[PDB]
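Participant: Okay, here's the structure, questions in a sec.
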Amino acid sequence: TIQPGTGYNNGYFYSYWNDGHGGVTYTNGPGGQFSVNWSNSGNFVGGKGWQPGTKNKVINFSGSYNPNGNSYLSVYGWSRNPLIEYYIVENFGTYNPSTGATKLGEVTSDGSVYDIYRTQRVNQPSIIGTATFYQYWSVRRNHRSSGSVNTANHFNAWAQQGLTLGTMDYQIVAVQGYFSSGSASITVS
C-alpha cells in the first residue's frame, strides 16, 4: 500500500489523498489497475488516470466496487481558471452526492441518463489551496462498476447549461469515501 501523494505508475497518473483518520489503504497495480480497501475510514480519494486530462477523452473502467457506507465511484477531476471540481458518478454507496442539490438538466451517455447538478464548496481545500469553488456533477441513473465514459458528452452538456470548465488539471477514475468501509479493484484505460 502506498504513501498518500501523486505520481505515475505503469503509464498512469495517480492521486491518493486522505484526511489522516486511518482505515484506508490504496495500492497501485499493473497497467491502469488500482485497489482500495477501507474499514471505518475518514475522508479519502484515490485513483488512476491522466495529468492533464482532456475534454474529449473516452475513459474505460472495469472491475469491482463494494462500498459499505458513504463512497463514490466516478470519473473525477479539476479545471483551473475557473477552478472546478467535477464528477461523472457511475456508482455510489449510501449517499447520492446530488442530494439536495439543484438539478440543471439531463444528459444521455454510454447507456444511461445522467442528472446534472452544480454545488458550491465554501472555503474548502482545493488543488490551489483553500478556496470557494463550484462542483459539477453528472450522476448516472443506472449504477455500474464497468463501462466507458465519453467525457465530451458530459462536458458539452455542462457547457450548454452554463457550467463552464477552464483548463484541465488531473482526470482520474476515483474511489472516494467518507467515513465508511468497502473494497474496490478498478482498471483504467
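Chains: A, B, ... in order of the C-alpha cells. Residues: from 1 per chain. Ligands: from 1, in order shown.
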Excluding same-chain residues fewer than 5 positions from range 164-169 of chain A, what lies within 10 Å of it counting only C-alpha atoms, as a count of residues only?

Facilitator: 23

Participant: For residue 115 in chain A, which residue out of A:185, A:96, A:28, A:41 is the nearest one, using only C-alpha atoms?

Facilitator: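 The shortest atom-to-atom distance to residue 115 in chain A comes from A:96.
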
Participant: When DSSP works through the backbone of this structure, what residues of range 118-162 of chain A end up as strand (DSSP E or B), shown as a list in words?

Facilitator: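 Listing strand (DSSP E or B) positions across range 118-162 of chain A yields residues 118, 119, 120, 121, 122, 123, 124, 127, 129, 131, 132, 133, 134, 135, 136, 137, 138, 139, 140, 147, 148, 149 and 150 of chain A.
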
Participant: Just C-alpha atoms for this one: save the residues we selected as an mmCIF file, in the first residue's frame.

Facilitator:
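Writing done, so here's again04.cif:
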data_model
loop_
_atom_site.group_PDB
_atom_site.id
_atom_site.type_symbol
_atom_site.label_atom_id
_atom_site.label_comp_id
_atom_site.auth_asym_id
_atom_site.auth_seq_id
_atom_site.Cartn_x
_atom_site.Cartn_y
_atom_site.Cartn_z
ATOM 1 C CA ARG A 118 -23.990 22.231 -9.553
ATOM 2 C CA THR A 119 -22.956 22.652 -5.931
ATOM 3 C CA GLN A 120 -20.569 25.026 -4.166
ATOM 4 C CA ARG A 121 -17.710 24.393 -1.763
ATOM 5 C CA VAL A 122 -17.026 27.357 0.532
ATOM 6 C CA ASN A 123 -13.502 27.928 1.889
ATOM 7 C CA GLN A 124 -12.519 24.289 1.328
ATOM 8 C CA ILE A 127 -5.703 21.975 -5.944
ATOM 9 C CA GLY A 129 -5.278 25.955 -1.686
ATOM 10 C CA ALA A 131 -10.923 28.355 -1.878
ATOM 11 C CA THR A 132 -14.590 28.770 -2.736
ATOM 12 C CA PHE A 133 -15.398 26.963 -5.964
ATOM 13 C CA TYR A 134 -18.154 25.163 -7.876
ATOM 14 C CA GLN A 135 -18.504 21.403 -8.326
ATOM 15 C CA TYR A 136 -20.202 19.970 -11.415
ATOM 16 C CA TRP A 137 -21.973 16.599 -11.281
ATOM 17 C CA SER A 138 -23.362 14.110 -13.735
ATOM 18 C CA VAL A 139 -24.957 11.321 -11.693
ATOM 19 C CA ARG A 140 -25.665 8.063 -13.554
ATOM 20 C CA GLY A 147 -18.104 0.752 -18.681
ATOM 21 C CA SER A 148 -16.971 3.569 -20.909
ATOM 22 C CA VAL A 149 -17.415 7.288 -20.259
ATOM 23 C CA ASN A 150 -17.490 9.680 -23.206
#

Participant: Go through A:69, A:93, A:42, A:5 and flag the residue nearest residue 23 in chain A, using only C-alpha atoms for the distances.

Facilitator: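 Selected residue with least distance to residue 23 in chain A: A:42.
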
Participant: With distances taken over only C-alpha atoms, which of A:105, A:59, A:117, A:125 is nearest to residue 19 in chain A?

Facilitator: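 Ranked by minimum distance to residue 19 in chain A, first place goes to A:125.
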
Participant: Which polymer residues have any atom within 9 Å of an atom of residue 43 in chain A, counting only C-alpha atoms, with same-chain residues fewer than 2 positions away left out, as a ChimeraX atom specification?

Facilitator: /A:17-21,41,45,176-180

Participant: One number please: CA of residue 40 in chain A to CA of residue 145 in chain A, in Å, one decimal.

Facilitator: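 According to the coordinates, CA of residue 40 in chain A and CA of residue 145 in chain A are separated by 21.9 Å.
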
Participant: Which residue, A:183, A:154, A:174, A:110, has the smallest gap to residue 24 in chain A when you use only C-alpha atoms?

Facilitator: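 For residue 24 in chain A, the nearest of the candidates is A:183.
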